[PDB]
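Peer 1: So that we are looking at the same thing, I have put the structure below in C-alpha cells.
We did not get these values from a lab; they are worked out from the coordinates using the rules stated. All Cβ positions, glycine included, derive from the backbone under ideal geometry; neighbour counts span all protein chains shown.
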Amino acid sequence: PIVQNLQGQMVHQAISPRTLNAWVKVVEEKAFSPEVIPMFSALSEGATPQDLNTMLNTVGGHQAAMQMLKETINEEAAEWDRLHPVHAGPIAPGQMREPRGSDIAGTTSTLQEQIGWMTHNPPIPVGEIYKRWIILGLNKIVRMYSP
Amino acid sequence: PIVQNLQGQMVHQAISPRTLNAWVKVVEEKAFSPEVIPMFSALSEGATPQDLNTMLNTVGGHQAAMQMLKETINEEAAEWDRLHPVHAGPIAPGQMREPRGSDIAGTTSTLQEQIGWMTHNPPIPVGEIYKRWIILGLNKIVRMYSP
Amino acid sequence: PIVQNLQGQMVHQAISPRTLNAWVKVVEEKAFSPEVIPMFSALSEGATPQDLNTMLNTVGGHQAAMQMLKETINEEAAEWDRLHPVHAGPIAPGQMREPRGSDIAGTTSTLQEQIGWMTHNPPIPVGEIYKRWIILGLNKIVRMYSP
Amino acid sequence: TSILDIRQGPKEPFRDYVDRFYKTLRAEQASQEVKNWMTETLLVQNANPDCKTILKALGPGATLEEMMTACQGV
Amino acid sequence: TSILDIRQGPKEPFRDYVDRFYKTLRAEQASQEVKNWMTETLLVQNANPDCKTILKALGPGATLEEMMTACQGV
Amino acid sequence: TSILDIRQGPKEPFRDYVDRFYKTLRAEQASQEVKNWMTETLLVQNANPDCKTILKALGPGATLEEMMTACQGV
C-alpha cells in the first residue's frame, strides 16, 4: 500500500503477512457472505491495484465466482476505456500519461507508475475506481450466490 | 531484503521470523498448488538472491521437486551466461563488475556485492531475473505435479 | 546482537523472546534435520559469541550431540590457538588485544570486548569463525545422526 | 489431471463441475484466446446430456450467471 | 541411513523412492560430479525390476519429469 | 434462496425466523422504501398461524421488541 511516512510524505510499504492471512481466513470462513464487502473495504485501505490483483490471485477455491469477477473487472475496464477516450496528440515531457482500464486493473502499469498517479498533484483515485468494480462484481456474486 | 530507510536511502534489513515461518507454512499446507506463486511473489518483495537461496534451502520434503528446481535454476543461469558474454578487456577501477548466472543465483556474489548492483545508478534487477527462473521452474513443477 | 542504529553507528541490542522461542521450536520440531543449518544461519545474523553460547546453553535434550558439539567447538578453538600464535612483545596502550580460541568461543572475552573487535576498524569476524565451527560441528552431527 | 479429462457426472451439479473447470483452467498457462476457445467449447461438450440439452437452448452469447442459473434444477 | 541402503520396494511407487533419494542425497555433502555419478547410477540400480525394465527403455539422456511419468503405472 | 421462500415453521420460534428474514433482507439490495414494504408485509404473511393470530392483535404501528416479546410463548 501507499502510506504516509513520519517525515510527512506518501511512500509505498508492503502489506503485512497476518493482514494477508486475515484476508485468506475471511474468505475461508464467510465465502460469499455480505460481511466480506466492508471487511474487504477496511483491509483495502490505501491499497494499490497491484495489491488488489495479489489479493484476487491468492484466492483458492470458488473458481466459478473468481472467473465471473475477472470477466466483470474486464467489462468494467472496457467501459473505462469507452467512456474516457485517449487524449489529444502526443504525451507532454513535463507530464505523465493518462491511465487506461488495464492501468486501473494494474495490468499495464508498473508500481512506480501507480505511485506517480496517486501521489502526484492532483492525484487520481485508480484504487477507488477498481474498488467500485470489485464491490459491483461482489454484488453480482452475492446476488447469484443467494439460494 | 533491501528496503528504504526513513532517511531516504536504500539499506539492507533482515527478513522477519514470522515471515520465514509464513513461507514455511504455505509450503506445508498448499505444497505445489498455484497459489504458491503469487504468495511467493508477495513474500519476495525487495528480496535478495541470498534471501531467495535461504528460502529454497530451508524447504523440507518434496526433494524430487527441489532437485528439479535446482537444475532449472542452473539451466536458466547457464543460459544467462550464454546470452550475455563477458565484456571487453579489464574491469575499470571506477566501476563494478558485471554479474554472471552464478552471481544472480547468489552463489559467486557477496551481499555487499548484491546491494552494490541493486542500489547503484543504473540499478540492475538480479532479483527479478532469478524471480522469473523461480516462477518458470514453478510452472514446470505445477505442470508435472498436476495429476 | 550488534545492529546498526538509526544515527548510523553499530550498537548492541538484545535478541527478542519470540526469536529465542523460534530457535527453541526449530530444535524441538526438526531435531538434527539439515534445514536446521540455514535456519540457524538466518537467526544468527549479526549475533555475538555470547549470544551463540546462550542459544547452545538454552538447548534441552539431545545431550550426546550437545556434548559432541562442545568438544568440536573446543577442538576448533584449540586449532585457532595453534594456527594463530600470540604476537610479539607487550600489548600497545593504543591498541586492543588479539583474540584467542576461547575469546572466539566467548568464554574469555566480555561483551564490550566482543563489541570492540567487531565495531573497530578493521573489524575482526569472530562470529563468522565461531559460525563455521558450529556449521562444521553441525555437519558432524547430521552425518552421524543419519540412520 | 488434464483439462480434457474434466467432465460432468450424470448426477453431479453443473455448478460443482464449473468450479472444477476453472480450477484446472487456473493450472493451464495458454494464451487468453485459446483459453476463450476452451471456455466456449470444452465446458459444454463435457457437460451431462440433461444440462447439455438446457445449454443448447440458451444459444450463444450466454454468460456464466445465466448458465449457472439455467442448469440449477438438473 | 546410508545412500547405498536407499532402494525401491516391490510395490513402492518410484515417485516415493525418488523423494527418498534426493532427501538422502540432500544429506550427502560430496562434490557435484560425484553426486551426478550417484544420480545416473544408483537411482536406477536400486529401482525395482518392473520399473527398472521401463527405465532401461528410456535410454540415456533422460530427465526427471520423463522418468517420473515413465514409471507411473508400475 | 429467494426472500419469498423465507417462511416460519409450524414449531419454529418466530425469533429464529426473524433472524433468517433480516439475513436474507441483508442480501437484498432494493431501495429502502421497498425494503420497508417487505418488512411490514412479508414477515407477517409468512409467519405461522399461531403467531400470525398474535401479530394481528398487536395492530399496526408495532415495533420489533414488542413483536418479538409478543410471539415468545408460541
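Peer 1: Hey, among the residues in the stretch A:71-110 that are among the polar types (S, T, N, Q), in a loop (DSSP other than H, G, I, E, B) and within 28 Å of A:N139 (Cα to Cα), which one's nearest to the chain's Cα centre (by Cα)?
Peer 2: A:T107
Peer 1: Among the residues of the stretch A:97-147, which ones are small (G, A, S) and closer than 17 Å to A:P38 by Cβ?
Peer 2: The answer is A:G127, A:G137.
Peer 1: When only residues in the stretch D:6-27 that are acidic (D, E) and within 12 Å of chain A (Cβ to nearest Cβ) count, which is surrounded by the most Cβ atoms within 10 Å (Cβ to Cβ)?
Peer 2: Ranking the qualifying residues of the stretch D:6-27, first place goes to D:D19.
Peer 1: Sticking with this one: Considering only the stretch C:94-131, how many residues are in contact with a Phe, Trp or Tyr (Cβ under 8 Å, 6 or more places away or on another chain), among the aliphatic types (A, V, I, L, M) and over 17 Å from C:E79 (Cα atoms)?
Peer 2: Looking only at that region, the number is 2.
Peer 1: I would also like to ask the following. What residue, of E:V74, E:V34, is more than 14 Å from chain B (Cβ to nearest Cβ), surrounded by 11 or more Cβ atoms within 10 Å (Cβ to Cβ) and β-branched (V, I, T)?
Peer 2: Just a single option satisfies the conditions, and that option is E:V74.
Peer 1: Is there any pair linking a residue in the stretch B:39-53 that is farther than 15 Å from B:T19 by Cα to one that is in a helix (DSSP H, G or I), with Cβ under 7 Å and at least six apart or on different chains, and which?
Peer 2: Within 7 Å, the pairs are B:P49/B:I104; B:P49/B:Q114; B:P49/B:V126; B:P49/B:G127; B:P49/B:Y130; B:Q50/B:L111; B:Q50/B:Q114.
Peer 1: Can you find, within the stretch B:103-112, the residue that is farthest from the other protein chains (Cβ to nearest Cβ) among those that are surrounded by fewer than 16 Cβ atoms within 10 Å (Cβ to Cβ) and not β-branched (V, I, T)?
Peer 2: So, considering only residues that are surrounded by fewer than 16 Cβ atoms within 10 Å (Cβ to Cβ) and not β-branched (V, I, T), the one farthest from the other protein chains (Cβ to nearest Cβ) is B:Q112.
Peer 1: More than 12 Å from the chain's Cα centre (by Cα), closer than 16 Å to B:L56 by Cα and not in a loop (DSSP other than H, G, I, E, B): is that true of B:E113 in this structure?
Peer 2: So B:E113 does not fit the description; no.
Peer 1: Taking D:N46 and the conditions (1) within 13 Å of chain A (Cβ to nearest Cβ); (2) within 10 Å of the chain's Cα centre (by Cα), which numbered condition does it fall short on, given that it satisfies the others?
Peer 2: Looking at each condition in turn, D:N46 falls short on (1).
Peer 1: If the Cβ limit is 6 Å and pairs must be 6+ apart or interchain, which residue in the stretch A:100-118 that is farther than 16 Å from A:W80 by Cα pairs with which residue that is assigned to a loop (DSSP other than H, G, I, E, B)?
Peer 2: From the stretch A:100-118, the pairs are A:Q114/A:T48; A:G116/A:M96; A:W117/A:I124.
Peer 1: Taking the stretch F:3-59 on its own, how many of its residues are part of a loop (DSSP other than H, G, I, E, B) and touching a residue at least 12 places away in the same chain (Cβ under 8 Å)?
Peer 2: The total comes to 11.
Peer 1: If you scan the stretch E:60-71, which residues turn out to be surrounded by 11 or more Cβ atoms within 10 Å (Cβ to Cβ), assigned to a loop (DSSP other than H, G, I, E, B) and either facing chain B (nearest Cβ under 10 Å) or touching a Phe, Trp or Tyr at 6+ places or on another chain (Cβ under 8 Å) (or both)?
Peer 2: E:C71
Peer 1: Okay, next question. Which one is farthest from the other protein chains (Cβ to nearest Cβ), of the residues in the stretch B:116-134 that are within 28 Å of B:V27 (Cα to Cα) and surrounded by fewer than 17 Cβ atoms within 10 Å (Cβ to Cβ)?
Peer 2: B:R132
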